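All remarks here apply to the structure that follows.
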Amino acid sequence: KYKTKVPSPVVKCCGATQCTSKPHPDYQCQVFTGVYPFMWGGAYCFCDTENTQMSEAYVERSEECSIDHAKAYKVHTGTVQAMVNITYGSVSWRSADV
Amino acid sequence: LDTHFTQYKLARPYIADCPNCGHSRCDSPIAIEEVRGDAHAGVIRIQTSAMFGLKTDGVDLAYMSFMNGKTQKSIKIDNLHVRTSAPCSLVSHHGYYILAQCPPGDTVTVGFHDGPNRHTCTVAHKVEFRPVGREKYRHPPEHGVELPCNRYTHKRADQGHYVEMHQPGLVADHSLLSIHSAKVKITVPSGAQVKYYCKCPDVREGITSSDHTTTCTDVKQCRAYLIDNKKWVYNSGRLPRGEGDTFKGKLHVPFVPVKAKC
Amino acid sequence: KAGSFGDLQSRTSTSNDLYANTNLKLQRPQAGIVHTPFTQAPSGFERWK
């Protein structure tokens, strides 16, 4: 399963911030305007439409991806094995992998 | 407890915008991001934007440092409450991050008690706890077979992954922008870097001690900013970028998912 | 396909490159507040379990 480990968006206060297509996996990024971002003091950017917000998010392997993960395969035929015991004759023992 | 000053010394208790902070969207220091109800053992690993653990300086994981003001408050953990549909059980905290044994719940709802105020934070997240096995319980029993579940650790001595933790961007603080009896008056925390100008034409960058403002007068048309990048942060989605640079601060995760046999 | 099995497709665990068709679509944050609407299919590894 993914983790949308969002990089923290840019907020330019008066005017645009063009985004670029960074090479992160599934790097989704879209500029946005028309904000007034309440951050701990009410808003902080003094404009009202030129307030720009650039959101960016890419996909990343979960921490569970290392450990809890499905796993595909192209499977061919290979070669079968066995730990054949023979308690032979009077030998009475061999437990060998063949 | 003195082996992860990577985070402790260098990271601060971040503050972000909690979504349904009791009433509505506040800005809680314990703003919940990255809820992970992805294990099996009744457990969720959570990140607060608050960095509890040791104090500001050096002692006792079981103390409690969130942000009040621009400032920390590194004090006791006395009355933490993670909860969901029912009250959860804490497992352990380290850094920004807490592990807690929860039941299933449509949401996740976190909060301590500073003492004067409840001051909680709450969030949506689909939670379940299937145990590993062909039995679809709702809860772990006392007995039964052990078999390979997925689960998070109790511990901190942990490096199996690390998340980027570079600087904070600025933050608003209009407590700064006082009035110089006719002009709007900015100040500084400790000599920190205050990034300043107003809609009118006056000082245009702001890298200063306490300035005044020749031109504008209204507090509501000025740049109350705090470039205070002496301590890095978690790279929350509810962070404004520090526009200058990708500073250093690669920092581990404690609560790795491990192959415990529940 | 996003939502379907293998929305995330990494060669191995170490492999920094991958294929993430998750249909991740950001939306604008609401009413002048800092956050990041990420609208996304929960994984085809979430289902498939």
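How things are named: the first chain in the structure tokens is A, the next is B, and so on; residues count from 1 in each chain; ligands count from 1 in the order shown.
Residue list for chain B within 7 Å of chain A: residues 27, 172, 173, 174, 221, 222, 235, 236, 237, 238, 239, 240, 241 and 257 of chain B, counting only C-alpha atoms.
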Resulting file, chosen residues, C-alpha atoms, as a compact mmCIF listing (two decimals), in the first residue's frame:
```txt
# COMPACT_ATOMS: atom_id res chain seq x y z
CA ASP B 27 -4.28 24.96 15.06
CA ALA B 172 2.42 33.87 11.70
CA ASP B 173 2.61 35.67 15.02
CA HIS B 174 0.60 38.89 15.21
CA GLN B 221 -1.87 44.65 6.56
CA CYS B 222 1.61 43.53 7.59
CA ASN B 235 7.48 17.70 6.86
CA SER B 236 3.76 17.78 7.45
CA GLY B 237 1.39 18.54 4.64
CA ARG B 238 0.08 21.16 7.05
CA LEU B 239 3.46 22.91 7.02
CA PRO B 240 4.32 25.94 4.88
CA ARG B 241 7.55 25.35 3.00
CA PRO B 257 6.42 -2.42 11.63
```
Excluding residue 7 of chain C and residues on its chain fewer than 4 positions from it, collect all residues at most 6 Å away from it, counting only C-alpha atoms, and give them as a PyMOL selection string. chain C and resi 1-2+20-22+44
Give me the residues near segment 176-185 of chain B as number ranges by chain, where near means some atom within 8 Å (using only C-alpha atoms) and where sequence neighbours in that chain fewer than 2 positions away do not count. B: 173-174, 187-188, 210-219, 224
Write the selection just made, keeping N, CA and C atoms, as a PDB file, in the first residue's frame?
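In the end it all went to result30.pdb:
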```pdb
ATOM      1  N   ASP B 173       2.755  35.329  13.604  1.00  0.00           N
ATOM      2  CA  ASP B 173       2.606  35.673  15.018  1.00  0.00           C
ATOM      3  C   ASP B 173       2.303  37.172  15.090  1.00  0.00           C
ATOM      4  N   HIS B 174       1.019  37.500  15.134  1.00  0.00           N
ATOM      5  CA  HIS B 174       0.601  38.889  15.207  1.00  0.00           C
ATOM      6  C   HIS B 174       0.636  39.441  16.620  1.00  0.00           C
ATOM      7  N   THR B 187       8.270  43.141  16.847  1.00  0.00           N
ATOM      8  CA  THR B 187       9.366  42.795  17.743  1.00  0.00           C
ATOM      9  C   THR B 187       9.955  41.462  17.308  1.00  0.00           C
ATOM     10  N   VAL B 188      10.818  40.878  18.137  1.00  0.00           N
ATOM     11  CA  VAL B 188      11.485  39.618  17.799  1.00  0.00           C
ATOM     12  C   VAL B 188      11.472  38.699  19.012  1.00  0.00           C
ATOM     13  N   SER B 210      13.796  44.195  16.733  1.00  0.00           N
ATOM     14  CA  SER B 210      12.505  44.867  16.754  1.00  0.00           C
ATOM     15  C   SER B 210      12.509  46.126  15.900  1.00  0.00           C
ATOM     16  N   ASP B 211      11.795  46.086  14.779  1.00  0.00           N
ATOM     17  CA  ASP B 211      11.604  47.246  13.925  1.00  0.00           C
ATOM     18  C   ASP B 211      10.306  47.954  14.269  1.00  0.00           C
ATOM     19  N   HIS B 212      10.184  49.159  13.742  1.00  0.00           N
ATOM     20  CA  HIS B 212       8.933  49.880  13.645  1.00  0.00           C
ATOM     21  C   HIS B 212       8.450  49.793  12.201  1.00  0.00           C
ATOM     22  N   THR B 213       7.410  50.559  11.885  1.00  0.00           N
ATOM     23  CA  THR B 213       6.873  50.636  10.532  1.00  0.00           C
ATOM     24  C   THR B 213       6.569  52.093  10.239  1.00  0.00           C
ATOM     25  N   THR B 214       7.366  52.712   9.378  1.00  0.00           N
ATOM     26  CA  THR B 214       7.135  54.113   9.059  1.00  0.00           C
ATOM     27  C   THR B 214       5.786  54.302   8.380  1.00  0.00           C
ATOM     28  N   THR B 215       5.482  53.470   7.381  1.00  0.00           N
ATOM     29  CA  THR B 215       4.395  53.790   6.451  1.00  0.00           C
ATOM     30  C   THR B 215       3.021  53.333   6.943  1.00  0.00           C
ATOM     31  N   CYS B 216       2.798  52.021   7.003  1.00  0.00           N
ATOM     32  CA  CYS B 216       1.478  51.525   7.367  1.00  0.00           C
ATOM     33  C   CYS B 216       1.250  51.679   8.867  1.00  0.00           C
ATOM     34  N   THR B 217      -0.014  51.546   9.250  1.00  0.00           N
ATOM     35  CA  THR B 217      -0.477  51.689  10.622  1.00  0.00           C
ATOM     36  C   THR B 217      -1.237  50.476  11.111  1.00  0.00           C
ATOM     37  N   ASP B 218      -2.028  49.855  10.246  1.00  0.00           N
ATOM     38  CA  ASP B 218      -2.908  48.780  10.666  1.00  0.00           C
ATOM     39  C   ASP B 218      -2.118  47.491  10.824  1.00  0.00           C
ATOM     40  N   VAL B 219      -2.374  46.801  11.934  1.00  0.00           N
ATOM     41  CA  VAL B 219      -1.779  45.494  12.169  1.00  0.00           C
ATOM     42  C   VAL B 219      -2.188  44.505  11.088  1.00  0.00           C
ATOM     43  N   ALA B 224       3.716  39.560   9.731  1.00  0.00           N
ATOM     44  CA  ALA B 224       4.190  39.028  11.009  1.00  0.00           C
ATOM     45  C   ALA B 224       4.699  37.617  10.767  1.00  0.00           C
TER      46      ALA B 224
END
```
At a cut-off of 8 Å, can you tabulate as a Markdown table every residue of chain C near chain A together with its closest atom pair and the distance in Å to one decimal, using only C-alpha atoms and ordering rows by chain then number?
```
| residue | atom | partner | partner_atom | distance |
| --- | --- | --- | --- | --- |
| C:7 | CA | A:1 | CA | 8.0 |
| C:8 | CA | A:2 | CA | 6.2 |
| C:13 | CA | A:66 | CA | 5.6 |
| C:17 | CA | A:25 | CA | 6.7 |
| C:18 | CA | A:25 | CA | 6.3 |
| C:19 | CA | A:25 | CA | 6.6 |
| C:20 | CA | A:26 | CA | 5.5 |
| C:21 | CA | A:26 | CA | 6.9 |
| C:22 | CA | A:26 | CA | 7.8 |
| C:24 | CA | A:28 | CA | 6.6 |
| C:25 | CA | A:28 | CA | 6.8 |
| C:26 | CA | A:30 | CA | 6.8 |
| C:28 | CA | A:32 | CA | 6.3 |
| C:29 | CA | A:35 | CA | 7.9 |
| C:30 | CA | A:35 | CA | 7.9 |
| C:31 | CA | A:35 | CA | 6.8 |
| C:32 | CA | A:36 | CA | 3.9 |
| C:33 | CA | A:37 | CA | 4.2 |
| C:34 | CA | A:37 | CA | 5.4 |
| C:36 | CA | A:55 | CA | 6.4 |
| C:38 | CA | A:57 | CA | 7.6 |
| C:42 | CA | A:1 | CA | 7.7 |
| C:43 | CA | A:1 | CA | 5.1 |
| C:44 | CA | A:1 | CA | 7.0 |
| C:45 | CA | A:1 | CA | 5.0 |
| C:46 | CA | A:1 | CA | 6.3 |
```
Output file for the selection above: C-alpha atoms, as a PDB file, in the first residue's frame:
```pdb
ATOM      1  CA  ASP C   7      -1.443   0.334  -7.813  1.00  0.00           C
ATOM      2  CA  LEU C   8       2.033   0.636  -6.335  1.00  0.00           C
ATOM      3  CA  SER C  13      11.940  -2.872  -1.621  1.00  0.00           C
ATOM      4  CA  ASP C  17      11.752   3.936  -8.727  1.00  0.00           C
ATOM      5  CA  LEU C  18       8.321   2.381  -9.072  1.00  0.00           C
ATOM      6  CA  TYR C  19       4.973   2.690 -10.824  1.00  0.00           C
ATOM      7  CA  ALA C  20       2.239   4.418  -8.837  1.00  0.00           C
ATOM      8  CA  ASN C  21      -1.032   4.612 -10.696  1.00  0.00           C
ATOM      9  CA  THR C  22      -3.053   5.668  -7.679  1.00  0.00           C
ATOM     10  CA  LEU C  24      -3.780  10.746  -6.890  1.00  0.00           C
ATOM     11  CA  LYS C  25      -5.625  14.009  -7.538  1.00  0.00           C
ATOM     12  CA  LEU C  26      -4.977  16.996  -5.332  1.00  0.00           C
ATOM     13  CA  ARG C  28      -7.665  22.921  -3.389  1.00  0.00           C
ATOM     14  CA  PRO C  29      -7.763  23.418   0.379  1.00  0.00           C
ATOM     15  CA  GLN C  30     -10.958  24.877   1.727  1.00  0.00           C
ATOM     16  CA  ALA C  31     -11.887  28.349   2.933  1.00  0.00           C
ATOM     17  CA  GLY C  32      -8.407  29.782   3.331  1.00  0.00           C
ATOM     18  CA  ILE C  33      -6.825  27.127   5.540  1.00  0.00           C
ATOM     19  CA  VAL C  34      -3.508  25.308   5.223  1.00  0.00           C
ATOM     20  CA  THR C  36      -3.566  19.314   1.361  1.00  0.00           C
ATOM     21  CA  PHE C  38      -5.177  14.396  -1.551  1.00  0.00           C
ATOM     22  CA  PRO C  42      -6.873   3.379  -1.031  1.00  0.00           C
ATOM     23  CA  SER C  43      -4.548   0.758  -2.257  1.00  0.00           C
ATOM     24  CA  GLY C  44      -5.086  -2.367  -4.232  1.00  0.00           C
ATOM     25  CA  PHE C  45      -2.923  -3.768  -1.474  1.00  0.00           C
ATOM     26  CA  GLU C  46      -5.552  -2.681   1.054  1.00  0.00           C
TER      27      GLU C  46
END
```
Tell me which protein, DNA and RNA residues are within 6 Å of segment 34-47 of chain B, counting only C-alpha atoms, leaving out same-chain ones fewer than 5 positions away, and put them as a ChimeraX atom specification. /B:96-103,127,129-131,150-151
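Scanning segment 6-48 of chain A with DSSP on the backbone, the strand (DSSP E) assignments fall on residues 10, 11, 12, 28, 29, 30, 31, 32 and 33 of chain A.
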Store the residues picked out above, limited to N, CA and C atoms, as a compact mmCIF listing (two decimals), in the first residue's frame.
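File part.txt, as written:
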```
# COMPACT_ATOMS: atom_id res chain seq x y z
N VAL A 10 3.78 24.82 -0.86
CA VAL A 10 4.22 26.21 -0.91
C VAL A 10 3.00 27.10 -0.81
N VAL A 11 3.20 28.25 -0.17
CA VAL A 11 2.19 29.29 -0.10
C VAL A 11 2.87 30.61 -0.40
N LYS A 12 2.79 31.04 -1.65
CA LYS A 12 3.20 32.38 -2.00
C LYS A 12 2.04 33.33 -1.74
N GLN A 28 2.20 14.16 -8.18
CA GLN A 28 1.05 15.00 -8.45
C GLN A 28 1.27 16.35 -7.79
N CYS A 29 1.17 17.40 -8.59
CA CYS A 29 1.34 18.76 -8.11
C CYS A 29 0.44 19.67 -8.92
N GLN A 30 -0.28 20.54 -8.23
CA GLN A 30 -1.20 21.46 -8.88
C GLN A 30 -1.17 22.77 -8.13
N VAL A 31 -0.87 23.84 -8.85
CA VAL A 31 -0.92 25.17 -8.27
C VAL A 31 -2.36 25.50 -7.94
N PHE A 32 -2.54 26.31 -6.90
CA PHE A 32 -3.86 26.80 -6.55
C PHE A 32 -3.76 28.23 -6.07
N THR A 33 -4.74 29.03 -6.45
CA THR A 33 -4.88 30.40 -6.00
C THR A 33 -6.16 30.53 -5.20
```
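Atom CA of residue 262 of chain B sits 13.3 Å away from atom CA of residue 137 of chain B.
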Using only C-alpha atoms for the distances, tell me which of B:25, B:83, B:73, B:195 is nearest to chain C. B:25
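Each of C:9, C:3, C:41, C:49 was compared to chain B using only C-alpha atoms, and C:49 turns out to be the nearest.
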